[PDB]
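Okay, structure first, notes after.
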Amino acid sequence: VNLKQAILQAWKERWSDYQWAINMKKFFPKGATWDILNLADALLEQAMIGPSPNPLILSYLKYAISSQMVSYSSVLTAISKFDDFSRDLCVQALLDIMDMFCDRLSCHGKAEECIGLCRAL
Amino acid sequence: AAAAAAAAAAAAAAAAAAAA
Amino acid sequence: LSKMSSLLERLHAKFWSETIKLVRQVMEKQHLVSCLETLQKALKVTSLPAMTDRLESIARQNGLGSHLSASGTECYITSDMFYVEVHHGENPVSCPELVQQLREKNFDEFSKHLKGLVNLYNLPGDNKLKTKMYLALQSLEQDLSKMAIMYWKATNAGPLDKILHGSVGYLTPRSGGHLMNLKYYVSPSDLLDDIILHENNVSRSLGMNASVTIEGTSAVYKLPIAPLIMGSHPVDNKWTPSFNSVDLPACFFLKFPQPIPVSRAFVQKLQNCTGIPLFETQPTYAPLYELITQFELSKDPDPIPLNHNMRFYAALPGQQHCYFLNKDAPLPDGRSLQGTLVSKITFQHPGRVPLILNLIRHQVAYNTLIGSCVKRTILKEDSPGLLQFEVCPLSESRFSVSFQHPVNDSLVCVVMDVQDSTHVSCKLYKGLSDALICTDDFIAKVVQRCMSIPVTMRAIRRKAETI
Amino acid sequence: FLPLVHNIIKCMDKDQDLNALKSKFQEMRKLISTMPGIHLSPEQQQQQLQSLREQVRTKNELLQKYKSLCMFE
Amino acid sequence: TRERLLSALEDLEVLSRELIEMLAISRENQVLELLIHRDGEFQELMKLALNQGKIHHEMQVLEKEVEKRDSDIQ
């Protein structure tokens with residue numbers, strides 16, 4: 001039902017990232033580009049609870065960036081809302097996630113998405 | 001199988017006693 | 001089947017005095033007979049020369065030389081191991097262990113003792129150094145005795161504190177073939193049976209042990225042949241430095257009966273504390289959680305391998321639990337927790353043996369926390385409950401148990417770090433918008449009182465559900 | 001039985017006919033201990049014992065009945 | 001039970017003689033172990049024989065009581 005419950009079921013029964021993608025499609029008929037539903041926010045919240053991120057939900061977010069499920073703008077905003085900064089491991093994970101899409105950073109959509117990418121940068 | 005281990009059950013009782 | 005043709009050839013024999021005359025003519029003219037005798041010692045009736053015969057059979061069995069001087073007095077004799085039942089020393093002790101075994105019908109434990117007394121003096125030297133080598137062991141033993149007595153001088157602590165956090169340990173001196181045992185640890189579960197009181201008739205196997213000994217190595221080391229503690233700092237021990245000493249081609253050992261799985265950083269820490277290389281050849285490293293599971297599963301063996309795939313189940317009173325122990329989760333270095341099985345730790349002089357033991361105590365404590373997940377109870381795929389948990393190593397001496405919040409839906413991760421043998425600190429890690437579950441000192445209390453993950457997780461769940 | 005065979009083996013390791021004929025005489029003693037007086041299987045001994053117990057019970061009960069019963073007043 | 005006792009007797013006898021004789025002609029662990037089994041089973045049957053002797057003494061006392069009650073009946 002909620003995105004938190006779907007991600008958490010994906011953590012409970014060990015789902016590989018593509019099986020997570022399929023079952024995430026099946027749980028939600030309207031895709032809504034997954035950014036209306038804030039996939040990046042929920043994945044970052046339930047990945048960055050420990051002192052170190054659990055590699056499962058980070059694998060889910062890295063697949064959801066490398067495959068184009070989630071726009072770069074929602075990821076950059078959800079990265080921006082983290083701070084805390086006392087944990088170096090979560091910060092290094094966020095910088096590897098930024099190392100994925102940065103230098104590429106190419107929106108192919110409406111101009112409002114490009115303005116959103118500007119504000120997100 | 002499907003049975004609480006006796007040693008574990010005893011440890012559970014001791015833990016419950018601690019902190020009332 | 002063969003007995004039928006045997007009885008048929010026996011009927012042919014019915015159709016032996018000539019055989020006895022043939023044996024007599026051969027008398028006028030090896031292994032099999034003594035082998036049949038050693039099988040048939042089981043069937044001998046209790047009598048004094050027959051028990052002498054069975055003790056001679058024990059001597060022939062373990063490779064030792066028997067000599068009777070009467071039907072009372074019989075000597076087991078080899079190059080140093082010389083004792084009677086009625087070299088370079090007296091017959092020291094009328095030890096109640098061997099006499100207690102032999103007064104009953106317990107001859108196999110006598111055989112094990114003669115095996116241990118063989119394995120003490122099977123050192124490779126030309127026999128002269130052997131005596132000196134044994135002397136070095138004696139010096140070591142005396143020093144070790146003093147240290148435990150110094151701890152008993154320091155505080156009048158019970159045997160439990162002597163085991164858990166003291167110098168050396170609960171120290172059983174040698175007696176017959178059983179070498180000197182240090183009990184460095186006993187878990188909160190293994191202390192209890194089915195609530196044991198710990199008075200000084202404590203069992204030899206009631207815990208995790210380590211037997212100290214000497215053993216000939218391929219290298220050469222310098223070992224003391226004198227009691228090295230003549231002067232004692234009144235609350236510590238203090239060692240007068242070397243040379244006396246001689247360069248025996250051997251070293252002292254702490255042999256563990258069951259080999260302990262240790263991490264890589266433990267290997268570097270112990271080779272730093274000792275100075276002597278531990279793994280003479282480099283061994284094949286494996287993830288620690290495989291070795292912890294093989295240790296815990298091979299405690300109580302069954303012919304069916306569990307085929308766990310690192311997903312263990314726990315059947316608990318008011319809860320049902322599942323665990324994913326998660327090897328190959330990467331550390332900050334980029335590698336999994338890799339470790340190997342250690343069985344023999346070599347040290348040169350006895351002042352290292354507390355520090356060494358503190359290291360091993362640390363390591364064994366950590367294994368018990370990951371040992372509590374490894375179970376054989378198969379409540380497979382039960383729809384009710386099955387609170388699905390996960391264990392991951394964030395670092396050496398730290399780990400994390402991650403699990404669903406009992407009220408809300410975000411994850412909650414409890415990080416446990418094992419500072420010392422009986423001290424494990426805990427931190428709850430929680431989303432900023434969640435329910436209060438527990439305080440950290442409660443988690444530390446349940447951990448130090450039980451030393452088991454699932455009991456602490458039930459304590460977390462119950463103290464969450466009361467609120 | 002068997003320790004005498006052990007002594008014969010020990011004599012063979014030492015070297016005799018004496019203990020062999022003593023084993024034969026021991027088997028003659030075994031015949032004398034097959035004489036006693038029991039031949040049935042122990043199940044048949046149990047059947048006989050139970051039947052004879054029931055016999056003594058019913059005979060004592062009949063004799064007690066006629067102890068107690070007076071046909072006349 | 002006498003048949004089983006006597007068969008165990010003669011079997012033990014001449015097969016132990018065979019074991020002795022092959023030792024003598026050498027100067028066979030399987031038939032050794034079977035001799036061990038026969039000896040143990042023979043001793044167990046001798047114990048059962050002493051127990052059945054006790055049973056037969058009880059039976060003799062009991063049938064004397066039988067005859068006495070028969071005489072009272074007659």
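Residues are named by chain letter and number: chains run A, B, ... in the order of the structure tokens, numbers start at 1 in each chain, and ligands are numbered from 1 in the order shown.
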Can you list, as an NGL selection string, every protein, DNA or RNA residue that comes within 9 Å of residue 69 (chain E) when you count only C-alpha atoms, leaving out same-chain residues fewer than 3 positions away?
-> (:D and (56 or 59-60 or 63)) or (:E and (64-66 or 72-74))
Using only C-alpha atoms, find which residues of chain B lie within 7 Å of chain C and jot them down as a VMD selection string.
-> chain B and resid 1 to 4 6 to 7 10 to 12 15
Could you write those residues out with N, CA and C atoms, as a PDB file, in the first residue's frame?
ATOM      1  N   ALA B   1      12.578 -28.652  16.403  1.00  0.00           N
ATOM      2  CA  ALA B   1      11.792 -28.074  15.290  1.00  0.00           C
ATOM      3  C   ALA B   1      10.426 -27.620  15.811  1.00  0.00           C
ATOM      4  N   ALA B   2      10.139 -26.315  15.741  1.00  0.00           N
ATOM      5  CA  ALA B   2       8.843 -25.752  16.191  1.00  0.00           C
ATOM      6  C   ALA B   2       8.742 -25.860  17.715  1.00  0.00           C
ATOM      7  N   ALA B   3       9.879 -26.058  18.383  1.00  0.00           N
ATOM      8  CA  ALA B   3       9.887 -26.175  19.857  1.00  0.00           C
ATOM      9  C   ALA B   3      10.874 -25.161  20.431  1.00  0.00           C
ATOM     10  N   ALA B   4      10.453 -24.389  21.435  1.00  0.00           N
ATOM     11  CA  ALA B   4      11.405 -23.461  22.080  1.00  0.00           C
ATOM     12  C   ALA B   4      12.515 -24.292  22.729  1.00  0.00           C
ATOM     13  N   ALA B   6      15.092 -25.462  25.413  1.00  0.00           N
ATOM     14  CA  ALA B   6      14.923 -25.333  26.877  1.00  0.00           C
ATOM     15  C   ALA B   6      15.880 -24.270  27.427  1.00  0.00           C
ATOM     16  N   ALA B   7      17.131 -24.268  26.960  1.00  0.00           N
ATOM     17  CA  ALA B   7      18.125 -23.308  27.488  1.00  0.00           C
ATOM     18  C   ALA B   7      17.655 -21.890  27.164  1.00  0.00           C
ATOM     19  N   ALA B  10      14.860 -20.812  29.500  1.00  0.00           N
ATOM     20  CA  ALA B  10      15.362 -20.441  30.841  1.00  0.00           C
ATOM     21  C   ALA B  10      15.962 -19.035  30.794  1.00  0.00           C
ATOM     22  N   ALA B  11      16.726 -18.732  29.742  1.00  0.00           N
ATOM     23  CA  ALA B  11      17.355 -17.397  29.615  1.00  0.00           C
ATOM     24  C   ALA B  11      16.247 -16.345  29.521  1.00  0.00           C
ATOM     25  N   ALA B  12      15.160 -16.660  28.810  1.00  0.00           N
ATOM     26  CA  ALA B  12      14.041 -15.705  28.654  1.00  0.00           C
ATOM     27  C   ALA B  12      13.468 -15.395  30.034  1.00  0.00           C
ATOM     28  N   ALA B  15      15.762 -13.062  31.921  1.00  0.00           N
ATOM     29  CA  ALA B  15      15.718 -11.690  31.371  1.00  0.00           C
ATOM     30  C   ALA B  15      14.450 -10.988  31.857  1.00  0.00           C
TER      31      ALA B  15
END
So which residues touch region 2-6 of chain A within 9 Å, counting only C-alpha atoms, skipping near sequence neighbours fewer than 5 positions away, as a list in words?
-> residues 11, 23, 24, 27, 37, 38, 39, 42, 43 and 46 of chain A; 409 and 410 of chain C
Show me which bits of chain E are within 7 Å of chain D, counting only C-alpha atoms, as a PyMOL selection string.
-> chain E and resi 1-2+52-53+59+66+69
As a ChimeraX atom specification, please: all residues of region 133-196 of chain C that backbone DSSP puts in helix (DSSP H, G or I).
-> /C:133-154,159-164,188-191
Written file, previous selection with N, CA and C atoms, as a short mmCIF file (atom, residue, chain, number, x, y, z; two decimals), in the first residue's frame:
data_model
loop_
_atom_site.label_atom_id
_atom_site.label_comp_id
_atom_site.auth_asym_id
_atom_site.auth_seq_id
_atom_site.Cartn_x
_atom_site.Cartn_y
_atom_site.Cartn_z
N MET C 133 63.31 -29.59 28.29
CA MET C 133 62.09 -29.05 27.71
C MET C 133 60.94 -29.18 28.67
N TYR C 134 60.85 -30.34 29.32
CA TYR C 134 59.80 -30.53 30.32
C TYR C 134 60.00 -29.59 31.49
N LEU C 135 61.27 -29.32 31.82
CA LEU C 135 61.58 -28.39 32.90
C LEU C 135 61.07 -27.01 32.58
N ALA C 136 61.16 -26.61 31.30
CA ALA C 136 60.66 -25.31 30.89
C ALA C 136 59.17 -25.22 31.12
N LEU C 137 58.46 -26.31 30.81
CA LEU C 137 57.03 -26.38 31.05
C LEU C 137 56.72 -26.22 32.52
N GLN C 138 57.54 -26.87 33.37
CA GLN C 138 57.34 -26.78 34.81
C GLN C 138 57.49 -25.35 35.29
N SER C 139 58.49 -24.65 34.75
CA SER C 139 58.71 -23.26 35.13
C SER C 139 57.51 -22.42 34.74
N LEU C 140 57.01 -22.66 33.52
CA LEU C 140 55.84 -21.95 33.02
C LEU C 140 54.65 -22.20 33.91
N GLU C 141 54.47 -23.46 34.31
CA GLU C 141 53.32 -23.83 35.12
C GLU C 141 53.37 -23.13 36.46
N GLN C 142 54.58 -23.03 37.03
CA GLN C 142 54.71 -22.42 38.34
C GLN C 142 54.38 -20.95 38.26
N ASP C 143 54.84 -20.29 37.19
CA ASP C 143 54.57 -18.87 37.01
C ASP C 143 53.08 -18.65 36.86
N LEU C 144 52.43 -19.56 36.13
CA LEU C 144 51.00 -19.42 35.87
C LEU C 144 50.23 -19.56 37.15
N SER C 145 50.68 -20.48 38.01
CA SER C 145 50.00 -20.70 39.28
C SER C 145 50.04 -19.44 40.12
N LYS C 146 51.21 -18.79 40.13
CA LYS C 146 51.42 -17.61 40.95
C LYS C 146 50.48 -16.49 40.53
N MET C 147 50.25 -16.37 39.21
CA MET C 147 49.46 -15.25 38.71
C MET C 147 48.03 -15.38 39.16
N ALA C 148 47.49 -16.61 39.14
CA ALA C 148 46.12 -16.79 39.59
C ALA C 148 46.02 -16.54 41.08
N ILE C 149 47.06 -16.95 41.82
CA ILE C 149 47.08 -16.74 43.25
C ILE C 149 47.25 -15.25 43.54
N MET C 150 47.98 -14.55 42.66
CA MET C 150 48.10 -13.11 42.80
C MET C 150 46.75 -12.44 42.61
N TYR C 151 45.95 -12.96 41.68
CA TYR C 151 44.60 -12.44 41.53
C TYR C 151 43.76 -12.78 42.74
N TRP C 152 43.97 -13.97 43.30
CA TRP C 152 43.27 -14.33 44.52
C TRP C 152 43.81 -13.54 45.70
N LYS C 153 45.04 -13.06 45.59
CA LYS C 153 45.54 -12.11 46.58
C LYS C 153 44.93 -10.74 46.34
N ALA C 154 44.66 -10.41 45.08
CA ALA C 154 44.22 -9.06 44.73
C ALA C 154 42.80 -8.80 45.23
N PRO C 159 34.75 -17.90 41.54
CA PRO C 159 35.31 -18.57 40.37
C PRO C 159 34.77 -18.02 39.07
N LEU C 160 33.58 -17.41 39.11
CA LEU C 160 33.01 -16.83 37.91
C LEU C 160 33.78 -15.60 37.46
N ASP C 161 34.18 -14.75 38.40
CA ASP C 161 34.99 -13.59 38.04
C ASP C 161 36.38 -14.02 37.61
N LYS C 162 36.90 -15.08 38.24
CA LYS C 162 38.18 -15.67 37.85
C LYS C 162 38.14 -16.18 36.42
N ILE C 163 37.01 -16.73 36.00
CA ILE C 163 36.87 -17.13 34.61
C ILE C 163 36.75 -15.91 33.72
N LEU C 164 35.75 -15.07 34.00
CA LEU C 164 35.31 -14.09 33.03
C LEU C 164 36.30 -12.94 32.90
N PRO C 188 26.68 -16.76 29.46
CA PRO C 188 25.50 -16.76 30.34
C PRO C 188 24.52 -17.89 30.09
N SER C 189 24.51 -18.46 28.89
CA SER C 189 23.67 -19.63 28.67
C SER C 189 24.35 -20.89 29.15
N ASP C 190 25.61 -21.10 28.78
CA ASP C 190 26.35 -22.30 29.13
C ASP C 190 26.68 -22.40 30.61
N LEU C 191 26.67 -21.27 31.32
CA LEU C 191 26.70 -21.31 32.77
C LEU C 191 25.48 -22.02 33.32
#
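In this structure, the chain A residues at most 10 Å away from chain C are residues 2, 4, 5, 7, 8, 9, 11, 12, 13, 14, 42, 45, 46, 47, 48, 49, 50, 51, 52, 53, 54, 55, 56 and 89 of chain A, with only C-alpha atoms considered.
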Enumerate as JSON, numbers by chain the residues belonging to chain E that approach chain C to within 10 Å, with only C-alpha atoms taken into account.
-> {"E": [10, 11, 12, 13, 14, 15, 16, 17, 18, 20, 21, 22, 23, 24, 25, 26, 27, 28, 29, 30, 31, 32, 33, 34, 35, 36, 39, 40]}
Tell me, in Å to one decimal, how far CA of residue 125 (chain C) is from CA of residue 178 (chain C).
-> 22.2 Å
